[PDB]
Ligand SMILES: Nc1ncnc2c1ncn2[C@@H]1O[C@H](COP(=O)(O)OP(=O)(O)O)[C@@H](O)[C@H]1O
């Protein structure tokens, strides 16, 4: 049989990698590059200049931590090369010269980004073939249905695309820059209100952990504010890494509520439910009925407990009464963008889709626009 | 060429495990441990 | 939180198992390779994670693979001499064009499975027996 | 109104009755014909409409009739894998200069009665069978 291709999902927060045809990724690690801050007085220690991946997260106190990807755009490329090298040689122990590579991209972004990835992967890693696919198309592949609207939300970018019977509508693709990192920064700014202080890059990871453990989307916001003001039954206690104990309380559901009211961050954009409804409304009249019943959630940011009920309630409020709304939220949705990719490289006709080495050599790095959607 | 000891280890690294899978065992897609739901026709039959 | 529980459930099971089986078979193959290459001198490795911790095994492996002389390993039971012994082998790898990421001497000393497995895989792939 | 009600009566009775009667008899005939060729690979179908959705029965029938082995079916139980297998069968049918129209993969997968019957009719009529 032919060599199984490598499915590599480059998210804004985490990087995932695995083999095509598997049901789960084989290596998951944060996409963080850290560099030393203080001075080293011990002679004979390690002289490594850059910590990458989980090793950078292991030692946060003496490092300044940076993200090579922000808002779905690569800003530093040497750090990306380090990320990909650690993914290939260390996390998987594979030879990249004998494996096709599939990559994952947000729908709307700078164009040159694509070229750079291609220009890297044919040159430094010498892969025989590579391909780039949109996140939400792979999510719809992993959903198992051909017709639906895909709403995806990670740490860098939120985007909604409609697809009817395998046909995409490019004018109805909507992108929003409110994502997980904005929620983390808002949680920091709102945790300042209780007297707790977090300022450094190492403490942002602590705040992110607090958000993942103790945040939920309230079904009704004003009623929840009245309940939290009336009683203290909503409070929870968290333990800091240095043994301090903090109490979140009212800040548990105010941070995710910013996904539906972007005026909390000063943004004048609309909420995610309004974005989904507007992306549905831009389509043709006939295909709306199938799109209302096939809404799919994806990405880690949609893992707040209670997001599905709130989204269904708001969309049902916006939509006409005679139509019925179904929100499809699979329990393993965090890896859906990977899983569909692992499906896509296993198809028979996808062997006719690859950007070969010879084609790139013939037509330069601008070939990726002709082949990839 | 001119090294026959470790290129077989390279060939062993291509499969998802370092060992080739058993021909008798079915693939990951059909083993009913796949997380994605199947089609309506197959589940109906 | 049944969906979050199921997400953590899938994370705890399938990713960990699929990584563990690959890691086990890879380290079993690597032990055979390093034992076959270290058998010329009077040396043997019985555990990949523990025998490469101290550093004499690695410097002797680079001695036999390069066929070319290396500096005296420092002698001492403490951690600092162990860091020195790993660092000298890492520097020798740094000379002969082999490119390493996320490699520190304290990573091998502490015993991280991923990094020692990646180092052995890089030795197999990019280094020349010559 | 009443004239429209009479027109609806006429169409719903006569057109639907005649179409369903002819289509039922042709379905029985086509099933009886295809089972004879499918018996040689020890495969049997009960309902023509539902057992052609997966696509393995179609590719095995073409395997019987052509005498040349086809590309292997994709390993899956999804919708897209059924679309792949039906597309492979239809590509082989296009390969042998048999002309088919209004016949996509999703038509066979979704189980349209008229298009499945037309595909079987074209296989019976135009295709070349060698022994
Ligand atoms: N269990 C959870 N509950 C709530 N939010 C979560 C949970 N897990 C992750 N998140 C949020 O999702 C983000 C990770 O999303 P991820 O899927 O890594 O995005 P991408 O991979 O597309 O960059 C984290 O920043 C965190 O804010």
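Chain A is numbered as in Swiss-Prot, which gives 3-375 for the residues shown.
Determination method: electron microscopy, 3.6 Å.
For all residues, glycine too, the Cβ spot is worked out from N, Cα and C.
Residues or ranges marked as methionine (R)-sulfoxide in Swiss-Prot: A:44 (among others). A C-beta separation below 8 Å, combined with a sequence spacing of at least six in one chain, links residue A:44 (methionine (R)-sulfoxide) to none of the other residues.
Every protein chain considered, the tally of other Cβ atoms within 10 Å of the Cβ of residue A:47 (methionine (R)-sulfoxide) stands at 17. Sequence annotations record features per position, and here Swiss-Prot assigns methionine (R)-sulfoxide to A:47 (among others).
Look at Swiss-Prot and you will find A:73 tagged as tele-methylhistidine, backed by similarity to another entry. In this structure, residue A:73 (tele-methylhistidine) belongs to neither helix nor strand by DSSP; it is coil.
What Swiss-Prot lists as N6-methyllysine is A:84. Within 10 Å of the C-beta of residue A:84 (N6-methyllysine) we count 19 further C-beta atoms, all protein chains included.
Distance from the CA of residue A:47 (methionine (R)-sulfoxide) to the CA of residue A:73 (tele-methylhistidine) is 37 Å. Recorded residues residue A:47 (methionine (R)-sulfoxide) and residue A:84 (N6-methyllysine) have their alpha carbons 22 Å apart, per Cα-Cα distance.
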